[PDB]
Amino acid sequence: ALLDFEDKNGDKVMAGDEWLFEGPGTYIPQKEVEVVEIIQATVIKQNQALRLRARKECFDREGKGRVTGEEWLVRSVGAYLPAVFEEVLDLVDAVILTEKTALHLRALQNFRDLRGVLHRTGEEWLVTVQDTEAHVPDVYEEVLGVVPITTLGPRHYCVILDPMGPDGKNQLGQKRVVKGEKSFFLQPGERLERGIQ
Amino acid sequence: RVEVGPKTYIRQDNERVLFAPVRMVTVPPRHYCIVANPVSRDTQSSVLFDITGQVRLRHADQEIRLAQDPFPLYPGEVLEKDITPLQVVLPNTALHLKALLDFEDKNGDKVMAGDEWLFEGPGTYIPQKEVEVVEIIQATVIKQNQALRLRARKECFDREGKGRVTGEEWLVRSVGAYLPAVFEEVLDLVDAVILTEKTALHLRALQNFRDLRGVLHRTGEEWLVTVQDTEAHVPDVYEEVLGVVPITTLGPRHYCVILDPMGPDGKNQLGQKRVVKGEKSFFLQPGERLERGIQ
Amino acid sequence: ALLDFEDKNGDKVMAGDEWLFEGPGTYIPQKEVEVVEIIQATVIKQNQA
């Protein structure tokens, strides 16, 4: 749009105003408005999510506030049309959690998780099946890699350096053997010595 | 101006003939033609001559015709389609359509320019200057014990009418020939594995979904399907088959170790082995694996 | 058949309607109906299908 022309709805239209007509039909050209861009809505298969950077200060879906350069996940299933400010990146497939597999997130910065557990910047944590059937990484959730399960029989055992404490911080320099029909993923920061015996 | 009839109409001094006489534009019944710049008509469909001597003309507008009395070509008109056979349509096919400029429908339904359409079945569809006959679509055949994948190209209601979203996909239960809807996107038939006592299906969930039998399956779960369930089972769009599972029936004098036996909880018990013996007859539970491989 | 012409029996005939005259005689051609195909009846010996 340009030169502060009146809208058909009687809404005032500033020259800097963004606009986005969409859906089936035939849009009417105007000497005022330029038909600047065409934008097909991004498709989204189930168990997928889309990153969106903000090109300007804005309200997104749900309408909670945003700032320039801020980015967020798109929860919505199925086809999704970006808003005038929204900047598409790519779909983010969730890891399919299984009893033998575990996610290994690290926080890029401070943020609340989807389940309300606050995570301080630089913290590192597992995600397991008890949490979700699957978990899409968040824009601030930086995945490291898949964590193999270390289930073992009764006659096997393994040392584990720096076992996780009740405090949630690893106890530096201490080792802890574990034995029996154990079945658990390694806590972050932990590492085996001999590697199972 | 146009001139008509048998008479050998001599030209007057002020006038000049444009061309030698031509056959009146005519098409057979159940055939059609399209002509640019139709003349205006009243309720009587009488021609509306202008006072200045031009015939009245709808310039941007077009005209279509099926059959009636033979007619002169009016001046300022432009013949386009002619002697065109009427658009025949066999019962198994369909006609995808787009429409334009918000024209009224014959049923009195409003028709938006973006509206999708699909005539189908036996007969001969009537061409319109409005609607474009955009696509022909033969209905997909479906033999018994088969099913068809369908992606959605837009938000929609399918068969049974339950809701859908863009990019969503679903199975087609219906036996026999099936015509896709205007939004529906065909992929391929999906043959069911023919379950037998010696064979078992090995599904894994692409995502969360309820199964056909109402047992919810969380994303990434993996499960067998056996004869007690169905005579045969078509994989669902979210059901990713891995492969056929051979039965491991054995005689009384044979036995086999099995790592990580399935628990009551439905999760495999990691790191534990369990021998089984006697006239046993069972498929391996998912996640299980033999050690020695039968003894 | 084409263009929804009336039948001799007074039955309505849609353009999409299928038809099949058969048996001994001489069929009457029509500008309406096309004599699209000839089809000899399949023979079937006993204990066949």
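How each quantity is defined
Residues numbered from 1 in each chain as written, not as in the entry; some residues may be left out. Chains lettered and ligands numbered in written order. Part of a larger assembly, values for the part shown. Heavy atoms only, no water. Helix = DSSP H or I, 4+ residues; strand = E, 2+ residues; numbered from the N terminus. Buried < 20%, exposed > 50% of the residue type's maximum accessible area, 1.4 Å probe, protein only. Contact = heavy atoms within 4.5 Å. Buried area = accessible area lost by both parts, 1.4 Å probe. Salt bridge = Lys/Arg side-chain N within 4 Å of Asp/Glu carboxyl O. Polar contact = N/O pair within 3.5 Å; in protein donor to acceptor, adjacent residues only side chain to side chain. Nonpolar A, V, L, I, M, F, W, Y, C, P; charged D, E, K, R; others polar. Pairing = 2+ DSSP bridges. Axes fitted to C-alpha atoms, helices over the stretch in contact; angles between N-to-C directions. Patch = residues over 30% accessible without salt bridge, like charges linked within 9 Å, V, L, I, M, F, W, Y side chains within 5 Å. Areas by Shrake-Rupley, 256 points an atom, 1.4 Å probe, with all protein chains shown as cover. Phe/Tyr/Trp six-rings, centres within 6.5 Å; stacked < 30°, edge-to-face > 60°. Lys NZ or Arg CZ within 6 Å of the ring centre and 35° of its normal. Core = buried A, V, L, I, M, F, W, Y, C linked by side-chain atoms within 4.5 Å.

As recorded in the entry header, the structure was determined using cryo-EM to a resolution of 4.90 Å.

Chain C appears in the PDB entry as Major vault protein from Rattus norvegicus. In the PDB, the structure is listed with the title "Recombinant major vault protein [Rattus norvegicus] structure in solution: conformation 2".

As recorded in the PDB entry, chain B goes by the name Major vault protein, listed as coming from Rattus norvegicus.

A.B. asks: Please give an account of unusual backbone geometry that cites residues and values.
C.D. replies: Of all residues except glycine, most have a negative phi; of all peptide bonds, most are trans. If you check the backbone angles, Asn47 of chain A has positive phi at about 60° while not being a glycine. Relative to the helices and strands, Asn47 of chain A is located in the segment before β1 (50-54). One non-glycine residue, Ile83 of chain B, adopts positive backbone phi at about 50°. On the secondary structure map, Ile83 of chain B appears in strand β3 (residues 78-85). On the basis of relative accessible area, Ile83 of chain B is assigned to the exposed category, the value being 52%.

A.B. asks: An account of the interface of chain B and chain C is needed here, citing residue identities and associated values.
C.D. replies: With six residues of chain B in contact, the opposing surface of chain C contributes six residues. Buried surface at the junction of chain B and chain C, summed over both partners, amounts to about 480 Å²; 70% is from carbon and sulfur atoms. Between chain B and chain C we count one salt bridge in total. Taken together, the connections running from chain B to chain C amount to two residue pairs in polar contact. When grouped by side-chain class, the residues that make up the side of chain B that touches chain C number three nonpolar, two polar and one charged.

A.B. asks: Break down the environment of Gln174 of chain A for me, with residues and values.
C.D. replies: In this structure, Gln174 of chain A sits in the loop between β12 (157-161) and β13 (175-179). Every residue in contact with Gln174 of chain A, bar those within four places of it in the chain, is listed here: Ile160, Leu161, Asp162 and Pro163 of chain A.

A.B. asks: If you had to explain the sheet that holds strand β2 (residues 62-65) of chain B to someone new, which residues and values would you point to?
C.D. replies: All names here are of chain B. As summarised here, the arrangement of the three strands in space is β2-β1-β3, forming an open sheet in which the pairing is antiparallel. Of all the strands in the sheet, the pair left with one neighbour each is β2 and β3. Shown here is a sheet whose adjacent strand axes are inclined to one another by a mean of 15°, direction ignored.

A.B. asks: Give a description of a nonpolar patch on the surface that names residues and reports values.
C.D. replies: Where nonpolar side chains cluster on the molecular surface, the patch consists of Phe21, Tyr27 and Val35 of chain A and spans about 330 Å² of accessible area. For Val35 of chain A, the position within the fold is in the segment before β1.

A.B. asks: Can you break down the sheet that holds strand β8 (residues 133-136) of chain B residue by residue, with the values?
C.D. replies: All names here are of chain B. If you trace the three strands from one edge of the open sheet to the other, you get β6-β5-β8, paired in antiparallel fashion. Each end of this open sheet is capped by a strand with a single partner; those strands are β6 (117-120) and β8. Across the sheet, the mean angle from the axis of one strand to that of its neighbour is 30°, orientation sign disregarded. Looking at chain direction, strand β5 (residues 94-97) and β6 are connected through four bridges and run antiparallel. Directly across from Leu95, in β6, lies its bridge partner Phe119.

A.B. asks: Explain the interface of chain B and chain A to me, and be specific about the residues and the numbers.
C.D. replies: The partner chain A presents 27 residues to the 18 residues of chain B that form the contact. For the chain B and chain A pair, buried surface summed over both sides reaches about 1,600 Å², with 57% attributable to carbon and sulfur atoms. The interface formed by chain B and chain A includes one salt bridge. Across the salt bridge formed by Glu99 of chain A and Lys267 of chain B, the nearest N and O atoms sit 3.4 Å from each other. Viewed at the interface, chain A and chain B are joined by nine residue pairs in polar contact. Among the residues forming the side of chain B that touches chain A, the class breakdown is five nonpolar, nine polar and four charged.

A.B. asks: How would you summarise the side chain of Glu184 of chain B if you had to cite specific residues and measurements?
C.D. replies: Residues and elements named next belong to chain B. Here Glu184 lies in strand β11 (residues 184-189). Here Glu184 falls in the buried class, since its relative accessible area comes to 3%. Among the polar contacts listed, one links the side chain of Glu184 to the side chain of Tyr178, at a separation of 2.8 Å. At 2.7 Å, the side chain of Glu184 forms a polar contact with the backbone nitrogen of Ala181.

A.B. asks: Break down the packing of aromatic side chains for me, citing the residues and quoting the values.
C.D. replies: This model, assessed by the stated rule, comprises nine aromatic pairs over all chains. Residues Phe21 of chain C and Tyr27 of chain C carry aromatic rings whose centres are separated by 5.7 Å and whose planes lie at 40° to one another, so their mutual orientation is tilted. Taking relative accessible area as the criterion, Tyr27 of chain C reaches 38% and is therefore assigned partly exposed. Through pairs of rings, three or more aromatic residues link up here, namely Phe111, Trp125 and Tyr140 of chain A. Positioned above the aromatic ring of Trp72 of chain A is the side chain of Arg66 of chain A, whose terminal nitrogen or guanidinium carbon lies 4.9 Å from the ring centre. Sitting over the ring of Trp170 of chain B, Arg164 of chain B keeps its end group 4.9 Å from the ring centre.

A.B. asks: Pulling in residues and values, what's your account of the arrangement of the chains?
C.D. replies: No other pair of the two pairs of chains in contact has as many contacts as chains A and B. The smallest C-alpha distance separating chain A from chain C is 33 Å, and no contact links them.

A.B. asks: Tell me what's going on with the pairing of β1 of chain A, and back it up with residues and numbers.
C.D. replies: Residues and elements named next belong to chain A. Along β1, the buried face is formed by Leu50, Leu52 and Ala54; none of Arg51 and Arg53, which line the opposite face, is buried. As defined by bridge partners, β1 adjoins strand β3 (residues 86-91) across four bridges and the pair is classed as antiparallel. Across the sheet, the residue bridging to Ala54 is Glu86, located in β3. In this sheet, strand β2 (residues 71-74) lies alongside β1 in antiparallel orientation, the contact comprising four bridges. Bridge assignment links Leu52 to a residue of β2, and that residue is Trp72.

A.B. asks: Describe in detail the pattern of salt bridges, supporting the description with residues and values.
C.D. replies: Residues and elements named next belong to chain A. In this structure the tally under the stated criterion is 22 salt bridges over all chains. Close ionic contact of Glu86 with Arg61 constitutes a salt bridge, the shortest N to O distance being 3.8 Å. Linking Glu86 in strand β3 with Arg61 in the loop between β1 and β2, this pair joins segments that are 25 residues apart in sequence. Looking at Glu86, the relative accessible area reads 3%, which means it is buried.

A.B. asks: With reference to specific residues and values, describe the nonpolar core.
C.D. replies: Of all hydrophobic cores here, the largest spans 13 residues; its most connected members are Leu148, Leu150, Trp170, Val172, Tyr178 and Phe183 of chain B. Broken down by secondary-structure element, the contributors of at least two residues to this core are β9 (148-152) and β10 (169-172) of chain B. Among the elements that take part in this core, β9 of chain B stands out by supplying three residues, more than any other. The contacts of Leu150 of chain B, once residues within four sequence positions are left out, are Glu168, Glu169, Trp170, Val172, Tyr178, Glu184, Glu185 and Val186 of chain B. Membership of the second largest hydrophobic core comes to ten residues, among which are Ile44, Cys58, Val74 and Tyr80 of chain A.

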